[PDB]
Amino acid sequence: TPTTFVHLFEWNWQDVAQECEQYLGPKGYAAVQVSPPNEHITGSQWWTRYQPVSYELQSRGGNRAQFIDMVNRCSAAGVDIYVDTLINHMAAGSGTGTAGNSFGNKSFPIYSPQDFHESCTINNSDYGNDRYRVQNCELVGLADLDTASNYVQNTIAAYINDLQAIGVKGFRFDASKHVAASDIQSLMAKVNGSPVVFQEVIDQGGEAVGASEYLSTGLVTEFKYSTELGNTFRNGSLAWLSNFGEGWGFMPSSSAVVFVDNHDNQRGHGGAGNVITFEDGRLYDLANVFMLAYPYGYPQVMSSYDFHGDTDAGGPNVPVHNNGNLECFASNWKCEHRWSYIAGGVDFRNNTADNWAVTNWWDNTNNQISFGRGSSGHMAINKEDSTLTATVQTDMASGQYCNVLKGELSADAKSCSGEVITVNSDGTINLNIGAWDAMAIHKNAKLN
Ligand SMILES: [Ca+2]
């Protein structure tokens, strides 16, 4: 059952189309969030993608034809496409777009100086006590579109309706905090049907504009999850997560889009150092295993590239698929969605989606937790410096199960590629997990 989606940051349409057929489809990913496909400014920095010139599908990821080929090829594989949409602004200053268009002085090929809000600057303090300035002034200098204008709302909605016709099935509304929820509701009245849409709102609390103001127009990104999960795994006790979710002040599970990190907060935008990324290796594995196993939110697995510190640097200068050679796990693309632990976690979630309850919770009161998803699956994480050799109780049928985190079940279901977990006649399991490791089993990965 589809339950997870991945974000292939800066991946071009070619790589995404291939990745769909070769891995994403077969593994179980529901869909893919792609980088803005519309025309943007020229430059190698990743953030150039967030400075639109027009809405013609000519970006750094490829052209219209290529984009279309990508949507189609993924659909056949069983993978939807989510398009990161810019609804709050347009490029800044003056220049040229990736499709050859010119712009300058709030004058684009499809917008005039009158289609924008009068120029003013958004200040750090404005977020706390001035929703007006937050949604009407310029964010980092980006021309702020007049989202209340019928003309503006029509051109954006036309862009969205085109991508739907092409087959896009979801949308990410970027910088939704900088756009009045009222304007978003108007926009959606012009959008055909009801495509999956989630809004990027960064609300850690104490802000003029609350995340809750958008629960009505679609899902919302819950940044608390990220910083809290990271902070717990780094400086707290995993035993605290027993009631993670609404109990910690988080928005409703069925409204939240959670994740361990994203392209922003992994660069210091929306999260401090406590956030966990691919650079933390095994820590990232464990953290991801928790997220995918825990029945809260719609998980967004991250797929990034090593930027060697430079937070402005763009993606690698080599495709993920280099003449039959996969450029992953090294100094270019990290392809975390392919890491055994993370993919294994995706598998767990997919086969336990028929029991969104956390059962038989157990913990050593500190950094060894364990719980199940009813008789559909069970997991355990050991973050201590000694082996977890405790006997836990499960609701799973006795037998031999594959630890889907370290391997998978064979075709004939008569073997596992990784280690085998045993559930005794009484439904218990005599754990045997080394320091900083984990296990996870489900009903669709049973032997013989
Ligand atoms: Ca705005």
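All of this is worked out from the model, or read from it or from the source named; none is laboratory data. Counting neighbours? That spans all protein chains shown, and the Cβs are built from the backbone with ideal geometry, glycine included.
Take the conditions under 23 Å from residue 80 (Cβ atoms) and among the basic types (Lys, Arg) and apply them to residue 169. Does it pass? Yes.
Select, from 107, 112, 125, 102, the only residue that is polar (S, T, N, Q), touching a helix residue (DSSP H, G or I) at 6+ places or on another chain (Cβ under 7 Å) and away from the ligand (no atom under 13 Å from the Cβ). Just one listed residue meets the conditions, 107. Screening 128, 167, 62 for residues that are surrounded by fewer than 20 Cβ atoms within 10 Å (Cβ to Cβ) and within 30 Å of residue 2 (Cα to Cα) leaves exactly one candidate, 167.
None of 180, 143, 175, 91 is more than 13 Å from the ligand (Cβ to nearest atom), within 29 Å of the chain's Cα centre (by Cα) and either among the hydrophobic types (A, V, I, L, M, F, W, C) or farther than 20 Å from residue 13 by Cβ (or both) except 91. Annotation note: of 246, 222, 228, the sole residue that is among the acidic types (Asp, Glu) and more than 23 Å from residue 124 (Cβ to Cβ) is 246.
Here residue 225 fulfils each of the conditions (1) in a helix (DSSP H, G or I); (2) within 28 Å of residue 116 (Cβ to Cβ) apart from (2). Residue count for segment 78-104, restricted to those that are assigned to a loop (DSSP other than H, G, I, E, B) and out of contact with any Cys (no Cβ under 8 Å at 6 or more places or on another chain): 12.
Using the structure shown, decide if residue 159 is closer than 21 Å to residue 64 by Cα, surrounded by 13 or more Cβ atoms within 10 Å (Cβ to Cβ), under 26 Å from the mean Cα position of the chain (by Cα) and not β-branched (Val, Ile, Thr). Against the criterion (closer than 21 Å to residue 64 by Cα, surrounded by 13 or more Cβ atoms within 10 Å (Cβ to Cβ), under 26 Å from the mean Cα position of the chain (by Cα) and not β-branched (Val, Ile, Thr)), residue 159 qualifies.
For the structure I just gave you, tell me whether residue 157 is in the same structural domain as residue 76 (by CATH) and within 12 Å of the ligand (Cβ to nearest atom). It is false that residue 157 is in the same structural domain as residue 76 (by CATH) and within 12 Å of the ligand (Cβ to nearest atom).
β-branched (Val, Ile, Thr), surrounded by 14 or more Cβ atoms within 10 Å (Cβ to Cβ) and part of a loop (DSSP other than H, G, I, E, B): is that true of residue 404 in this structure? So residue 404 fits the description; yes. Remark: pairs (first residue in segment 172-191, under 16 Å from residue 143 (Cα atoms) and of a type in the set (D, E, K, R); second residue assigned to a loop (DSSP other than H, G, I, E, B) and more than 11 Å from the ligand (Cβ to nearest atom); Cβ separation under 6 Å; 6+ apart in sequence or on different chains) = 174/200; 177/201. When you check residue 73 against the structure, is it farther than 21 Å from residue 314 by Cβ, of a type in the set (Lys, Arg), in a helix (DSSP H, G or I) and within 16 Å of the ligand (Cβ to nearest atom), yes or no? In short, no.
Being on the phi > 0 side of the Ramachandran plot, in a loop (DSSP other than H, G, I, E, B) and not assigned by CATH to the domain that holds residue 17 is a condition met by no residue of segment 269-280.
For segment 144-157, enumerate the residues that are touching a residue at least 40 places away in the same chain (Cβ under 8 Å) and farther than 26 Å from residue 263 by Cα. 152, 155, listed by residue number.
Among the residues of segment 226-235, is there at least one that is surrounded by 23 or more Cβ atoms within 10 Å (Cβ to Cβ), in contact (Cβ under 8 Å) with a residue 60 or more places away in the chain and under 20 Å from residue 198 (Cα atoms)? No, every residue in segment 226-235 fails to be surrounded by 23 or more Cβ atoms within 10 Å (Cβ to Cβ), in contact (Cβ under 8 Å) with a residue 60 or more places away in the chain and under 20 Å from residue 198 (Cα atoms). Count of segment 414-438 residues, restricted to those that are buried (at least 17 other Cβ atoms within 10 Å of the Cβ) and either over 22 Å from residue 363 (Cβ atoms) or of a type in the set (D, E, K, R) (or both), is 2.
Quick one: is residue 206 in contact with a helix residue (DSSP H, G or I) (Cβ under 9 Å, 6 or more places away or on another chain), closer than 30 Å to residue 91 by Cα and away from the ligand (no atom under 16 Å from the Cβ)? For residue 206, the condition - in contact with a helix residue (DSSP H, G or I) (Cβ under 9 Å, 6 or more places away or on another chain), closer than 30 Å to residue 91 by Cα and away from the ligand (no atom under 16 Å from the Cβ) - is met.
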